[PDB]
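# Structural features, examined
Each chain is listed here by its residues.
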Amino acid sequence: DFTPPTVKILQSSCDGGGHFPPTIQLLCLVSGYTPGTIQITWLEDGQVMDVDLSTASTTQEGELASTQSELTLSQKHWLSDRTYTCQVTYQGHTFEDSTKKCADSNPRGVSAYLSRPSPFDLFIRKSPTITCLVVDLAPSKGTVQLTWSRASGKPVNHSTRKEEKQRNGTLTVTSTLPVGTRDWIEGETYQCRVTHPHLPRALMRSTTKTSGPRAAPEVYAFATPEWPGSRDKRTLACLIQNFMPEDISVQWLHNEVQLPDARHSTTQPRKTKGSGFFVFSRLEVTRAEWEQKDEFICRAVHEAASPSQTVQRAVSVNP
Amino acid sequence: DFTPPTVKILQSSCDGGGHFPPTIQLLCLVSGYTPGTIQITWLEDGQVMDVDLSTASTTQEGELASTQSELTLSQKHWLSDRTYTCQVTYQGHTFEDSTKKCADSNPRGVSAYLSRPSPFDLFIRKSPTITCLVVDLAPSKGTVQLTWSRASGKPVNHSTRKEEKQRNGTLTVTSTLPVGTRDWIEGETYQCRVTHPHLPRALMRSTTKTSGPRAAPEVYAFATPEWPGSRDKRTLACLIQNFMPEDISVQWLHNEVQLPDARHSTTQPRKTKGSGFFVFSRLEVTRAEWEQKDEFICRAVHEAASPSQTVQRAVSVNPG
Ligand SMILES: *[C@@H]1O[C@H](CO)[C@@H](O[C@@H]2O[C@H](CO)[C@@H](O[C@@H]3O[C@H](CO[C@H]4O[C@H](CO[C@@H]5O[C@H](CO)[C@@H](O)[C@H](O)[C@@H]5O)[C@@H](O)[C@H](O[C@H]5O[C@H](CO)[C@@H](O)[C@H](O)[C@@H]5O)[C@@H]4O)[C@@H](O)[C@H](O[C@H]4O[C@H](CO)[C@@H](O)[C@H](O)[C@@H]4O)[C@@H]3O)[C@H](O)[C@H]2NC(C)=O)[C@H](O)[C@H]1NC(C)=O
Ligand SMILES: *[C@@H]1O[C@H](CO)[C@@H](O[C@@H]2O[C@H](CO)[C@@H](O[C@@H]3O[C@H](CO[C@H]4O[C@H](CO[C@H]5O[C@H](CO)[C@@H](O)[C@H](O)[C@@H]5O)[C@@H](O)[C@H](O[C@H]5O[C@H](CO)[C@@H](O)[C@H](O)[C@@H]5O)[C@@H]4O)[C@@H](O)[C@H](O[C@H]4O[C@H](CO)[C@@H](O)[C@H](O)[C@@H]4O)[C@@H]3O)[C@H](O)[C@H]2NC(C)=O)[C@H](O)[C@H]1NC(C)=O
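Description of the structure in this document. (Residues numbered from 1 in each chain as written, not as in the entry; some residues may be left out. Chains lettered and ligands numbered in written order. Heavy atoms only, no water.)

### A few points about the sheet that holds strand β11 (residues 145–150) of chain A
Residue and element names in this part refer to chain A.
- In space, the three strands of this open sheet follow the order β11-β13-β14, with antiparallel pairing throughout. Here the strands that pair on one side only, and so sit at the sheet edges, are β11 and β14 (202–208). Between one strand axis and the next, the sheet turns by 20 degrees as a mean value, whatever way the strands run.
- Relative to β14, strand β13 (residues 189–195) runs antiparallel, the two sharing seven bridges. Paired with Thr-189 across the strands is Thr-208, a residue of β14. (Pairing = 2+ DSSP bridges. Helix = DSSP H or I, 4+ residues; strand = E, 2+ residues; numbered from the N terminus. Axes fitted to C-alpha atoms, helices over the stretch in contact; angles between N-to-C directions.)

### Focus: the nonpolar core
- One finds B:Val219, B:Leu236, B:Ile240, B:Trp252, B:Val285, B:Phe296 and B:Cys298 to be the most contacted residues of the largest nonpolar core, which totals 35 residues.
- If we skip the residues at most four places from it in the chain, B:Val285 touches B:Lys233, B:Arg234, B:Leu236, B:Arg263, B:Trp290, B:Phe296 and B:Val317. (Core = buried A, V, L, I, M, F, W, Y, C linked by side-chain atoms within 4.5 Å. Buried < 20%, exposed > 50% of the residue type's maximum accessible area, 1.4 Å probe, protein only. Contact = heavy atoms within 4.5 Å.)

### Focus on the sheet that holds strand β17 (residues 249–254) of chain A
Residues and elements named next belong to chain A.
- If you trace the four strands from one edge of the open sheet to the other, you get β18-β17-β22-β23, paired in antiparallel fashion. A strand with exactly one partner marks an edge of an open sheet, and here the two such strands are β18 (257–258) and β23 (310–315).
- Sheet analysis places β17 next to β18, joined by two bridges and oriented antiparallel. Pairing of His-254 across the sheet is with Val-257, part of β18.

### Thoughts on the interface of chain A and chain B
- At the interface, 66 residues of chain A touch 72 residues of chain B.
- Roughly 5,500 Å² of surface becomes buried between chain A and chain B when both sides are summed, with 56% attributable to carbon and sulfur atoms.
- On the surface where chain A and chain B come into contact, there are two salt bridges.
- As a salt-bridge pair, B:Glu44 and A:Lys271 come within 3.2 Å of each other at their nearest N and O atoms.
- Counting every contact that joins chain A to chain B gives 22 residue pairs in polar contact.
- Element by element, the count of residues in the side of chain A that touches chain B is highest for β14(A), at six residues. (Buried area = accessible area lost by both parts, 1.4 Å probe. Salt bridge = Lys/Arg side-chain N within 4 Å of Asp/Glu carboxyl O. Polar contact = N/O pair within 3.5 Å; in protein donor to acceptor, adjacent residues only side chain to side chain.)

### Quick notes on the environment of A:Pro5
- Mapped onto the elements, A:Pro5 comes out in the segment before β1 (6–12).
- Accessibility expressed as a relative area gives 6% for A:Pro5, which makes it buried.

### Side note on the state of the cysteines
- For the coordinates displayed, the defined rule picks out eight disulfides over all chains.
- Note that A:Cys132 is cross-linked by a disulfide to A:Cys192, the S-S spacing being 2.0 Å. Negative torsions about the S-S bond denote left-handed disulfides, and the value of about -90 degrees found for A:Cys132 with A:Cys192 makes this one left-handed. Placement of A:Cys132 in strand β10 (residues 129–137) and of A:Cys192 in strand β13 is noted, with a sequence separation of 60 residues between them. For the pair A:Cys132 and A:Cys192, one class covers both residues: buried.
- Note on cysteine connectivity: B:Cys132 is disulfide-linked to B:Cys192, with sulfurs 2.0 Å apart. Judged by the sign of its S-S torsion, about -90 degrees, the cystine formed by B:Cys132 and B:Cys192 is left-handed. Residue B:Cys132 is found in strand β10 (residues 129–137), and its partner B:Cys192 is found in strand β14 (residues 190–195); the two are separated by 60 residues along the sequence. Per residue, the accessibility class of B:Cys132 equals that of B:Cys192, and both read buried. (Disulfide = S-S within 2.5 Å.)

Written out as structure tokens, the structure is:
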């Protein structure tokens, strides 16, 4: 029934063109907590700021109370990389949160990408995985460090790096940390921190399960009519659509045996003209295969599908 | 008196280290708006986003109303620099506010791209042009000199130029040049050359008819079945494959109208299995549309298609 105070900071957003506002407001929120003596103080690089600079108010609703504090900063100050801490003292105890201008996302043309677990792995193979790919940089001296960490601080299995210099003259490091199935589904957060000796500071990407509403995919499989010239081959295509989140896995099975991934392609999830995503899968098939057993199954693994997180539709070439 | 609403968008703050949260929450605050119904709407790049990913809250306590709507995004999504908008509707005209990832400290440099005649312009309109686009230009001081030329040395037509200031303060200069069909078709190579005092050495991009083998595209138009979940709209799909080279234009024709590009979602050419390239197109049609004329044709334009660089298939949502 007791609800400790929780601290979080919101900030003025950027221009529709990513431009900073003349002034930056930092709104500190201490939402839904068991009413009690509370105080909110702001720190700029570890020091207490003038009371005249932040306006604080608290209100209650029912069994819990909520309070907020707004601080205005000169754009010049916000851009100087000074750190600002919202310090809350609830019932004599201290709760804190900090922020500073967001660092460059693409330092020196460089890019970083951390991805979530594919649905097949998470549900079918039951061996979840997250891959951290860092690209768009040039070879220097010192090596590149990719460490994995969990928000919960809880340990993390042993990852695996594997860079591979590219043609355009850049390097591409890629590590793949394995995650705890349960761990991931519970909403854990896995961050991928990378310190490049050539690059200024540390670049960091964080990943966790989607939160939005779920919606199972609709699966429709079609077989191309015979096309003049190519009589022993046929193409299968299935549209899997109107599903959420966008994360999905597509597999094809023939003769109760699932075929190898290289046997077909699948587009990237793209939104529908309404709610949800759609994907197209294509399987080039052969006469030997359909005269074998004339049924091919387009299977989709999505977290919203039930009972076993999968939905499928079979198709046959002949009528 | 009657107090006019005001939209403001706050966002998740970064780490104490300047790192982003595993997910970014955007909070839209339309405050002061005098009590009364109101419709908040989010837009991801102009596209209206289904309200299945939002939440309206309101407390017109004391007097004037104040409602807020929050939208959440994954780090990736946010990092893709997609621009988000929050639309309020009150007394007719809608009010709004937009936001995007803040521009990194050091802004990039100029990059030039040279497109190629689209199969459509080349074979349907028979009026092909190649475009030269210079992006991320530092305006104010100086101006970019973009000049065309042919490898044959022959004369080039007059091109038209366009200069557009982007919301991120960068500049875009678009020179688009009419080219001869016979000339393009026969291998003429065109070069675009960019210059500017705030530019080290001159830039140069060239373009010429794609080389290699040719293969005519195959076209298949399908229709998803009618079911209780989609009864006043239907999803059409089309698969165009095994064509070479990659260049191809895809449209959906209906009732003698060439639907807007925006109407459909068409993928970019991927290698089949060496057999050539393939593309997938998906179009959502409405009852009104098929009741006007129950026939939608998927057309692909490709140089290798006989006899008029065109191949097409029609599909119907209803038993004729
Ligand atoms: C400030 O804000 C600026 C925007 O407001 C932003 O500028 C953007 O910069 C980037 C790079 O810096 C630019 O990206 C490049 O865009 C090129 C042009 O794309 C468009 O034209 C293409 C060519 O024209 C077609 O030609 C074919 C035949 O060849 C015809 O069939 C067709 O009809 C056209 O004539 C075209 O292919 C593109 O099509 C896309 O859009 C249509 C829309 O419906 C869609 O249907 C298609 O499926 C497709 O998505 C465009 O119309 C492009 O050629 C470049 O491609 C290179 O780079 C990309 C990287 O994404 C890579 O994938 C490619 O393989 C290739 O190497 C590239 O995408 C962008 O155009 C600029 N936007 C502008 C000027 O409006 C600034 O960057 C920003 N500043 C910052 C960083 O803060
Ligand atoms: C110089 O050359 C290098 C050569 O590598 C080149 O590097 C590429 O750089 C681009 C960016 O410019 C990279 O593209 C980005 O890739 C991001 C991640 O994509 C990869 O991972 C996807 C997920 O699978 C991974 O993770 C799971 C989970 O752990 C794991 O199970 C998997 O094993 C795997 O590790 C994967 O889907 C994706 O594969 C693509 O291609 C296949 C082709 O078969 C296709 O089927 C897939 O659907 C997919 O398209 C890939 O392996 C990605 O998140 C990121 O997203 C942004 O860009 C896209 C553009 O399409 C936007 O749509 C989106 O909104 C985001 O903004 C982006 O796609 C690319 O991956 C690098 N290449 C490498 C090494 O993979 C440099 O660009 C060159 N430099 C110069 C000169 O410019």
